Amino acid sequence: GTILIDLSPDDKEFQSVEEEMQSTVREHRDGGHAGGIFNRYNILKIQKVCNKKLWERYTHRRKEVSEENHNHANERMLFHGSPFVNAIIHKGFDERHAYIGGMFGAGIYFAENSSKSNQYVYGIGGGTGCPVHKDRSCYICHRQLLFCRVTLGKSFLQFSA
């Protein structure tokens, strides 16, 4: 049931999503090893992901969380980068999309920094980089990230390096 609707670059929704992407780039401690060396992106396309069943699944859980947390879903917009991006948009997030070895246990990980999610686009550690050139810092190949609506509810705070 998924359809993708292109946003025009003139559209203010395009512009605000692009600004969140660009403005949350930072330098990483691997010096670019996983995700490449860059200070900004060339944005080629932004598309709205529409799937009624997946949206209703999300809003249903959101309501449950909110009723467990004094009517506060604690909803954020966050980035996700994944080799499985094409299955996520058609079938939704599930346990197949979890970072089993992540530092907070087996769950599905999201970032405020777009450049952190960019490190997982070709796999954990950036995998072997782009399929065409095997280059984790490929400047040619087109990458995709998700900008996702995420219900955190009552979040457990873990201080960490």
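Note that residue numbering follows the sequence shown and begins at 1. We call the rigid core whatever largest set of C-alpha positions still superposes within 1.5 Å between the two forms.
Core-fitted comparison in 9 other deposited structures of this protein shows that, between 89 to 97 and 122 to 130, the CA atoms farther from the shown form belong to 89 to 97.
With every structure aligned by its rigid core, 98 to 106 is the stretch of 98 to 106 and 43 to 51 whose CA positions lie farther away in 9 other deposited structures of this protein.
Per-stretch averaging of Cα B factors for 90 to 98 and 116 to 124 places 90 to 98 on top.
Comparing 5 to 13 with 140 to 148, the stretch with the higher mean C-alpha B-factor in the PDB entry is 5 to 13.
As recorded in the entry, 103 carries the highest CA temperature factor of 34, 103, 46, 111. Compared with the other modelled residues of the chain, the Cα B-factor recorded for residue 29 ranks in the middle third. Compared with the other modelled residues of the chain, the Cα B-factor recorded for residue 70 ranks in the lowest third.
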